[PDB]
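Shown next: upload03.pdb, given as PDB, C-alpha atoms and all ligand atoms.
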```pdb
ATOM      1  CA  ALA A   1      38.692  93.652  38.896  1.00  0.00           C
ATOM      2  CA  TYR A   2      36.380  90.852  37.695  1.00  0.00           C
ATOM      3  CA  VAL A   3      36.224  88.118  40.334  1.00  0.00           C
ATOM      4  CA  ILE A   4      34.442  84.861  41.101  1.00  0.00           C
ATOM      5  CA  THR A   5      31.264  84.357  43.055  1.00  0.00           C
ATOM      6  CA  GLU A   6      29.019  81.388  43.321  1.00  0.00           C
ATOM      7  CA  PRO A   7      26.935  80.373  40.213  1.00  0.00           C
ATOM      8  CA  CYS A   8      30.154  78.955  38.615  1.00  0.00           C
ATOM      9  CA  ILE A   9      30.375  76.323  41.460  1.00  0.00           C
ATOM     10  CA  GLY A  10      30.702  72.872  39.828  1.00  0.00           C
ATOM     11  CA  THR A  11      29.143  74.324  36.632  1.00  0.00           C
ATOM     12  CA  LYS A  12      31.032  73.312  33.455  1.00  0.00           C
ATOM     13  CA  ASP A  13      34.612  74.316  32.480  1.00  0.00           C
ATOM     14  CA  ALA A  14      36.457  76.650  30.040  1.00  0.00           C
ATOM     15  CA  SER A  15      35.183  79.857  28.322  1.00  0.00           C
ATOM     16  CA  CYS A  16      37.025  82.134  30.818  1.00  0.00           C
ATOM     17  CA  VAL A  17      40.467  80.609  31.570  1.00  0.00           C
ATOM     18  CA  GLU A  18      41.597  80.817  27.922  1.00  0.00           C
ATOM     19  CA  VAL A  19      40.434  84.411  27.230  1.00  0.00           C
ATOM     20  CA  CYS A  20      42.271  86.367  29.939  1.00  0.00           C
ATOM     21  CA  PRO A  21      45.124  88.639  28.663  1.00  0.00           C
ATOM     22  CA  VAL A  22      46.991  88.216  32.003  1.00  0.00           C
ATOM     23  CA  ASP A  23      46.297  84.449  32.459  1.00  0.00           C
ATOM     24  CA  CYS A  24      45.103  85.139  36.038  1.00  0.00           C
ATOM     25  CA  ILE A  25      42.311  82.539  36.148  1.00  0.00           C
ATOM     26  CA  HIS A  26      43.538  79.803  38.506  1.00  0.00           C
ATOM     27  CA  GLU A  27      41.881  76.885  40.322  1.00  0.00           C
ATOM     28  CA  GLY A  28      39.936  76.711  43.588  1.00  0.00           C
ATOM     29  CA  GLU A  29      38.659  73.621  45.426  1.00  0.00           C
ATOM     30  CA  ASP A  30      35.606  73.147  43.177  1.00  0.00           C
ATOM     31  CA  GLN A  31      35.361  76.153  40.830  1.00  0.00           C
ATOM     32  CA  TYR A  32      38.052  78.362  39.343  1.00  0.00           C
ATOM     33  CA  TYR A  33      39.174  81.685  40.871  1.00  0.00           C
ATOM     34  CA  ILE A  34      40.761  84.855  39.437  1.00  0.00           C
ATOM     35  CA  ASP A  35      43.529  86.961  40.989  1.00  0.00           C
ATOM     36  CA  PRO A  36      41.700  90.321  41.153  1.00  0.00           C
ATOM     37  CA  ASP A  37      44.822  92.375  41.890  1.00  0.00           C
ATOM     38  CA  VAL A  38      46.405  91.104  38.653  1.00  0.00           C
ATOM     39  CA  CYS A  39      43.178  91.414  36.593  1.00  0.00           C
ATOM     40  CA  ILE A  40      43.463  94.636  34.520  1.00  0.00           C
ATOM     41  CA  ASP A  41      39.646  95.289  34.522  1.00  0.00           C
ATOM     42  CA  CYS A  42      39.466  94.288  30.858  1.00  0.00           C
ATOM     43  CA  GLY A  43      36.034  92.620  30.974  1.00  0.00           C
ATOM     44  CA  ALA A  44      36.002  90.008  28.142  1.00  0.00           C
ATOM     45  CA  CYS A  45      35.613  87.075  30.603  1.00  0.00           C
ATOM     46  CA  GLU A  46      32.510  89.035  31.727  1.00  0.00           C
ATOM     47  CA  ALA A  47      30.912  88.641  28.279  1.00  0.00           C
ATOM     48  CA  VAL A  48      31.525  84.900  27.790  1.00  0.00           C
ATOM     49  CA  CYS A  49      30.850  83.775  31.390  1.00  0.00           C
ATOM     50  CA  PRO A  50      27.191  82.573  31.623  1.00  0.00           C
ATOM     51  CA  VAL A  51      25.242  85.436  33.270  1.00  0.00           C
ATOM     52  CA  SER A  52      28.671  86.934  34.201  1.00  0.00           C
ATOM     53  CA  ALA A  53      29.131  84.603  37.217  1.00  0.00           C
ATOM     54  CA  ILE A  54      32.493  86.354  37.219  1.00  0.00           C
ATOM     55  CA  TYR A  55      31.310  89.669  38.761  1.00  0.00           C
ATOM     56  CA  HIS A  56      33.216  92.873  39.440  1.00  0.00           C
ATOM     57  CA  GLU A  57      34.591  92.834  43.005  1.00  0.00           C
ATOM     58  CA  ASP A  58      32.257  95.633  44.222  1.00  0.00           C
ATOM     59  CA  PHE A  59      29.232  94.563  42.152  1.00  0.00           C
ATOM     60  CA  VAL A  60      29.853  91.314  44.036  1.00  0.00           C
ATOM     61  CA  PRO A  61      27.612  91.369  47.141  1.00  0.00           C
ATOM     62  CA  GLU A  62      29.398  91.935  50.484  1.00  0.00           C
ATOM     63  CA  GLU A  63      28.471  88.303  51.256  1.00  0.00           C
ATOM     64  CA  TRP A  64      30.595  87.194  48.265  1.00  0.00           C
ATOM     65  CA  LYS A  65      33.365  89.764  48.812  1.00  0.00           C
ATOM     66  CA  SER A  66      34.381  86.846  51.072  1.00  0.00           C
ATOM     67  CA  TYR A  67      35.254  84.983  47.834  1.00  0.00           C
ATOM     68  CA  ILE A  68      37.130  87.965  46.418  1.00  0.00           C
ATOM     69  CA  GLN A  69      39.233  88.053  49.571  1.00  0.00           C
ATOM     70  CA  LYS A  70      39.562  84.240  49.162  1.00  0.00           C
ATOM     71  CA  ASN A  71      40.819  84.554  45.560  1.00  0.00           C
ATOM     72  CA  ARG A  72      43.229  87.150  46.910  1.00  0.00           C
ATOM     73  CA  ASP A  73      44.225  84.843  49.804  1.00  0.00           C
ATOM     74  CA  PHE A  74      44.966  82.001  47.414  1.00  0.00           C
ATOM     75  CA  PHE A  75      47.594  84.008  45.494  1.00  0.00           C
ATOM     76  CA  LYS A  76      48.893  86.309  48.262  1.00  0.00           C
ATOM     77  CA  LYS A  77      49.549  84.255  51.316  1.00  0.00           C
TER      78      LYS A  77
HETATM   79  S1  LIG B 101      38.436  90.893  33.357  1.00  0.00           S
HETATM   80 FE1  LIG B 101      40.004  90.362  31.757  1.00  0.00          FE
HETATM   81  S2  LIG B 101      41.877  90.595  32.888  1.00  0.00           S
HETATM   82 FE2  LIG B 101      40.313  90.301  34.277  1.00  0.00          FE
HETATM   83  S3  LIG B 101      40.044  88.191  34.746  1.00  0.00           S
HETATM   84 FE3  LIG B 101      38.642  88.786  33.135  1.00  0.00          FE
HETATM   85  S4  LIG B 101      39.687  88.376  31.287  1.00  0.00           S
HETATM   86 FE4  LIG B 101      41.236  88.421  32.834  1.00  0.00          FE
HETATM   87  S1  LIG B 102      30.820  79.858  34.814  1.00  0.00           S
HETATM   88 FE1  LIG B 102      32.789  79.474  35.756  1.00  0.00          FE
HETATM   89  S2  LIG B 102      33.761  78.170  34.105  1.00  0.00           S
HETATM   90 FE2  LIG B 102      34.288  80.322  33.774  1.00  0.00          FE
HETATM   91  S3  LIG B 102      32.759  80.720  32.173  1.00  0.00           S
HETATM   92 FE3  LIG B 102      32.058  81.478  34.285  1.00  0.00          FE
HETATM   93  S4  LIG B 102      33.850  81.448  35.514  1.00  0.00           S
END
```
For the file at hand, write its structure as structure tokens.
Ligand code: SF4
Ligand code: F3S
Amino acid sequence: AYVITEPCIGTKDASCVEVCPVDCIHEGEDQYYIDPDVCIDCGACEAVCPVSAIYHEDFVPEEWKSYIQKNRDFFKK
């Protein structure tokens, strides 16, 4: 699944939320998040996101797997 990290923080809007075939981009405190368990590993968002700030959950550094687990948290519990 393609999940948030860090470079998106407070950086612009749009060009991700509108593209997703399963609408699973939702809001966080500052930046948006993505439910990774819903995300069907389609990419797309990948291509439009500047420098792919949306990174695949295991390309995502262990440090930022915290955020993946956060995006999960948000929509699980
Ligand atoms: S990879 Fe596709 S399914 Fe997943 S969040 Fe991005 S646009 Fe949505
Ligand atoms: S920068 Fe953030 S606004 Fe979307 S296009 Fe990337 S997740």
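Distance-wise, CA of residue 62 in chain A and CA of residue 18 in chain A end up 28.0 Å apart.
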Selection within 8 Å of ligand LIG 101 (chain B) by all atoms listed in the file, output as a ChimeraX atom specification
/A:1-3,16-17,19-25,34-36,38-46,54
Could you dump the residues just selected with C-alpha atoms as a PDB file, keeping the file's coordinate frame?
```pdb
ATOM      1  CA  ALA A   1      38.692  93.652  38.896  1.00  0.00           C
ATOM      2  CA  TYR A   2      36.380  90.852  37.695  1.00  0.00           C
ATOM      3  CA  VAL A   3      36.224  88.118  40.334  1.00  0.00           C
ATOM      4  CA  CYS A  16      37.025  82.134  30.818  1.00  0.00           C
ATOM      5  CA  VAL A  17      40.467  80.609  31.570  1.00  0.00           C
ATOM      6  CA  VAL A  19      40.434  84.411  27.230  1.00  0.00           C
ATOM      7  CA  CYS A  20      42.271  86.367  29.939  1.00  0.00           C
ATOM      8  CA  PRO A  21      45.124  88.639  28.663  1.00  0.00           C
ATOM      9  CA  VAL A  22      46.991  88.216  32.003  1.00  0.00           C
ATOM     10  CA  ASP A  23      46.297  84.449  32.459  1.00  0.00           C
ATOM     11  CA  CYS A  24      45.103  85.139  36.038  1.00  0.00           C
ATOM     12  CA  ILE A  25      42.311  82.539  36.148  1.00  0.00           C
ATOM     13  CA  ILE A  34      40.761  84.855  39.437  1.00  0.00           C
ATOM     14  CA  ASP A  35      43.529  86.961  40.989  1.00  0.00           C
ATOM     15  CA  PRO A  36      41.700  90.321  41.153  1.00  0.00           C
ATOM     16  CA  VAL A  38      46.405  91.104  38.653  1.00  0.00           C
ATOM     17  CA  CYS A  39      43.178  91.414  36.593  1.00  0.00           C
ATOM     18  CA  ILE A  40      43.463  94.636  34.520  1.00  0.00           C
ATOM     19  CA  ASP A  41      39.646  95.289  34.522  1.00  0.00           C
ATOM     20  CA  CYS A  42      39.466  94.288  30.858  1.00  0.00           C
ATOM     21  CA  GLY A  43      36.034  92.620  30.974  1.00  0.00           C
ATOM     22  CA  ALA A  44      36.002  90.008  28.142  1.00  0.00           C
ATOM     23  CA  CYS A  45      35.613  87.075  30.603  1.00  0.00           C
ATOM     24  CA  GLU A  46      32.510  89.035  31.727  1.00  0.00           C
ATOM     25  CA  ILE A  54      32.493  86.354  37.219  1.00  0.00           C
TER      26      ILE A  54
END
```
Grab me every residue within 6 Å of ligand LIG 102 (chain B), counting all atoms listed in the file, and send it over as a ChimeraX atom specification.
/A:8,12-16,49-50,53-54
Show which residues sit within 12 Å of residue 5 in chain A, as a VMD selection string. Count only C-alpha atoms, and ignore same-chain residues fewer than 3 positions away.
chain A and resid 2 8 to 10 28 31 to 34 49 51 to 71
Using 3 Å of padding on each side, determine the axis-aligned box around all atoms of range 47-55 of chain A present in the file and give its centre and edge lengths in Å to one decimal, as AutoDock Vina command-line options.
```
--center_x 28.9 --center_y 86.1 --center_z 33.3 --size_x 13.3 --size_y 13.1 --size_z 17.0
```
Reconstructed N, CA and C atoms for range 31-66 of chain A, given as a PDB file, in the frame of the given file:
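The file below, rebuild15.pdb, is the result:
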```
ATOM      1  N   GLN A  31      35.386  75.238  41.964  1.00  0.00           N
ATOM      2  CA  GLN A  31      35.361  76.153  40.830  1.00  0.00           C
ATOM      3  C   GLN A  31      36.730  76.800  40.645  1.00  0.00           C
ATOM      4  N   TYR A  32      36.894  77.514  39.532  1.00  0.00           N
ATOM      5  CA  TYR A  32      38.052  78.362  39.343  1.00  0.00           C
ATOM      6  C   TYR A  32      37.910  79.656  40.139  1.00  0.00           C
ATOM      7  N   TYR A  33      39.037  80.344  40.326  1.00  0.00           N
ATOM      8  CA  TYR A  33      39.174  81.685  40.871  1.00  0.00           C
ATOM      9  C   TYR A  33      39.960  82.554  39.895  1.00  0.00           C
ATOM     10  N   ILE A  34      40.046  83.845  40.210  1.00  0.00           N
ATOM     11  CA  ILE A  34      40.761  84.855  39.437  1.00  0.00           C
ATOM     12  C   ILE A  34      41.563  85.694  40.417  1.00  0.00           C
ATOM     13  N   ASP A  35      42.859  85.943  40.192  1.00  0.00           N
ATOM     14  CA  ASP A  35      43.529  86.961  40.989  1.00  0.00           C
ATOM     15  C   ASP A  35      43.015  88.350  40.592  1.00  0.00           C
ATOM     16  N   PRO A  36      42.319  89.060  41.494  1.00  0.00           N
ATOM     17  CA  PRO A  36      41.700  90.321  41.153  1.00  0.00           C
ATOM     18  C   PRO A  36      42.723  91.455  41.124  1.00  0.00           C
ATOM     19  N   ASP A  37      43.861  91.319  41.800  1.00  0.00           N
ATOM     20  CA  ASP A  37      44.822  92.375  41.890  1.00  0.00           C
ATOM     21  C   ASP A  37      45.635  92.409  40.594  1.00  0.00           C
ATOM     22  N   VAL A  38      45.809  91.239  39.968  1.00  0.00           N
ATOM     23  CA  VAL A  38      46.405  91.104  38.653  1.00  0.00           C
ATOM     24  C   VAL A  38      45.426  91.562  37.569  1.00  0.00           C
ATOM     25  N   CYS A  39      44.165  91.112  37.630  1.00  0.00           N
ATOM     26  CA  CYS A  39      43.178  91.414  36.593  1.00  0.00           C
ATOM     27  C   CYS A  39      43.145  92.916  36.259  1.00  0.00           C
ATOM     28  N   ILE A  40      43.319  93.255  34.978  1.00  0.00           N
ATOM     29  CA  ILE A  40      43.463  94.636  34.520  1.00  0.00           C
ATOM     30  C   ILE A  40      42.119  95.305  34.178  1.00  0.00           C
ATOM     31  N   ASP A  41      41.009  94.784  34.716  1.00  0.00           N
ATOM     32  CA  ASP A  41      39.646  95.289  34.522  1.00  0.00           C
ATOM     33  C   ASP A  41      39.298  95.397  33.036  1.00  0.00           C
ATOM     34  N   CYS A  42      39.631  94.337  32.300  1.00  0.00           N
ATOM     35  CA  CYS A  42      39.466  94.288  30.858  1.00  0.00           C
ATOM     36  C   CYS A  42      38.036  93.916  30.431  1.00  0.00           C
ATOM     37  N   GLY A  43      37.266  93.298  31.333  1.00  0.00           N
ATOM     38  CA  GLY A  43      36.034  92.620  30.974  1.00  0.00           C
ATOM     39  C   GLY A  43      36.378  91.338  30.213  1.00  0.00           C
ATOM     40  N   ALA A  44      35.835  91.180  29.001  1.00  0.00           N
ATOM     41  CA  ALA A  44      36.002  90.008  28.142  1.00  0.00           C
ATOM     42  C   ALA A  44      35.420  88.742  28.780  1.00  0.00           C
ATOM     43  N   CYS A  45      36.080  88.209  29.815  1.00  0.00           N
ATOM     44  CA  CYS A  45      35.613  87.075  30.603  1.00  0.00           C
ATOM     45  C   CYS A  45      34.140  87.277  30.985  1.00  0.00           C
ATOM     46  N   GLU A  46      33.836  88.455  31.535  1.00  0.00           N
ATOM     47  CA  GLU A  46      32.510  89.035  31.727  1.00  0.00           C
ATOM     48  C   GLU A  46      31.497  88.596  30.660  1.00  0.00           C
ATOM     49  N   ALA A  47      31.844  88.792  29.384  1.00  0.00           N
ATOM     50  CA  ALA A  47      30.912  88.641  28.279  1.00  0.00           C
ATOM     51  C   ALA A  47      30.620  87.167  28.006  1.00  0.00           C
ATOM     52  N   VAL A  48      31.647  86.317  28.106  1.00  0.00           N
ATOM     53  CA  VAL A  48      31.525  84.900  27.790  1.00  0.00           C
ATOM     54  C   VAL A  48      30.979  84.100  28.975  1.00  0.00           C
ATOM     55  N   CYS A  49      31.300  84.497  30.211  1.00  0.00           N
ATOM     56  CA  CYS A  49      30.850  83.775  31.390  1.00  0.00           C
ATOM     57  C   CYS A  49      29.314  83.786  31.458  1.00  0.00           C
ATOM     58  N   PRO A  50      28.640  82.624  31.555  1.00  0.00           N
ATOM     59  CA  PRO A  50      27.191  82.573  31.623  1.00  0.00           C
ATOM     60  C   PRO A  50      26.659  83.482  32.734  1.00  0.00           C
ATOM     61  N   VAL A  51      25.853  84.478  32.354  1.00  0.00           N
ATOM     62  CA  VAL A  51      25.242  85.436  33.270  1.00  0.00           C
ATOM     63  C   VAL A  51      26.310  86.222  34.054  1.00  0.00           C
ATOM     64  N   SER A  52      27.550  86.277  33.548  1.00  0.00           N
ATOM     65  CA  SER A  52      28.671  86.934  34.201  1.00  0.00           C
ATOM     66  C   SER A  52      28.806  86.456  35.649  1.00  0.00           C
ATOM     67  N   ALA A  53      28.894  85.139  35.874  1.00  0.00           N
ATOM     68  CA  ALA A  53      29.131  84.603  37.217  1.00  0.00           C
ATOM     69  C   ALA A  53      30.413  85.199  37.811  1.00  0.00           C
ATOM     70  N   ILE A  54      31.400  85.444  36.946  1.00  0.00           N
ATOM     71  CA  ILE A  54      32.493  86.354  37.219  1.00  0.00           C
ATOM     72  C   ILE A  54      31.902  87.766  37.307  1.00  0.00           C
ATOM     73  N   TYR A  55      31.857  88.346  38.507  1.00  0.00           N
ATOM     74  CA  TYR A  55      31.310  89.669  38.761  1.00  0.00           C
ATOM     75  C   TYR A  55      32.393  90.594  39.295  1.00  0.00           C
ATOM     76  N   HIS A  56      32.253  91.886  39.005  1.00  0.00           N
ATOM     77  CA  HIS A  56      33.216  92.873  39.440  1.00  0.00           C
ATOM     78  C   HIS A  56      33.232  92.958  40.966  1.00  0.00           C
ATOM     79  N   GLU A  57      34.412  93.094  41.581  1.00  0.00           N
ATOM     80  CA  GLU A  57      34.591  92.834  43.005  1.00  0.00           C
ATOM     81  C   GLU A  57      33.674  93.624  43.943  1.00  0.00           C
ATOM     82  N   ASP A  58      33.134  94.751  43.474  1.00  0.00           N
ATOM     83  CA  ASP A  58      32.257  95.633  44.222  1.00  0.00           C
ATOM     84  C   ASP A  58      30.805  95.569  43.731  1.00  0.00           C
ATOM     85  N   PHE A  59      30.556  94.989  42.548  1.00  0.00           N
ATOM     86  CA  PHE A  59      29.232  94.563  42.152  1.00  0.00           C
ATOM     87  C   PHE A  59      28.888  93.320  42.972  1.00  0.00           C
ATOM     88  N   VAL A  60      29.892  92.457  43.151  1.00  0.00           N
ATOM     89  CA  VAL A  60      29.853  91.314  44.036  1.00  0.00           C
ATOM     90  C   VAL A  60      29.276  91.733  45.392  1.00  0.00           C
ATOM     91  N   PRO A  61      28.218  91.055  45.865  1.00  0.00           N
ATOM     92  CA  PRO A  61      27.612  91.369  47.141  1.00  0.00           C
ATOM     93  C   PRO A  61      28.642  91.208  48.256  1.00  0.00           C
ATOM     94  N   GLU A  62      28.511  91.993  49.330  1.00  0.00           N
ATOM     95  CA  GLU A  62      29.398  91.935  50.484  1.00  0.00           C
ATOM     96  C   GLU A  62      29.602  90.484  50.934  1.00  0.00           C
ATOM     97  N   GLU A  63      28.496  89.740  51.028  1.00  0.00           N
ATOM     98  CA  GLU A  63      28.471  88.303  51.256  1.00  0.00           C
ATOM     99  C   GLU A  63      29.567  87.579  50.464  1.00  0.00           C
ATOM    100  N   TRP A  64      29.651  87.844  49.159  1.00  0.00           N
ATOM    101  CA  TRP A  64      30.595  87.194  48.265  1.00  0.00           C
ATOM    102  C   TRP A  64      31.897  87.972  48.090  1.00  0.00           C
ATOM    103  N   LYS A  65      32.035  89.176  48.654  1.00  0.00           N
ATOM    104  CA  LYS A  65      33.365  89.764  48.812  1.00  0.00           C
ATOM    105  C   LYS A  65      34.265  88.836  49.644  1.00  0.00           C
ATOM    106  N   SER A  66      33.678  87.976  50.481  1.00  0.00           N
ATOM    107  CA  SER A  66      34.381  86.846  51.072  1.00  0.00           C
ATOM    108  C   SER A  66      35.187  86.071  50.018  1.00  0.00           C
TER     109      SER A  66
END
```
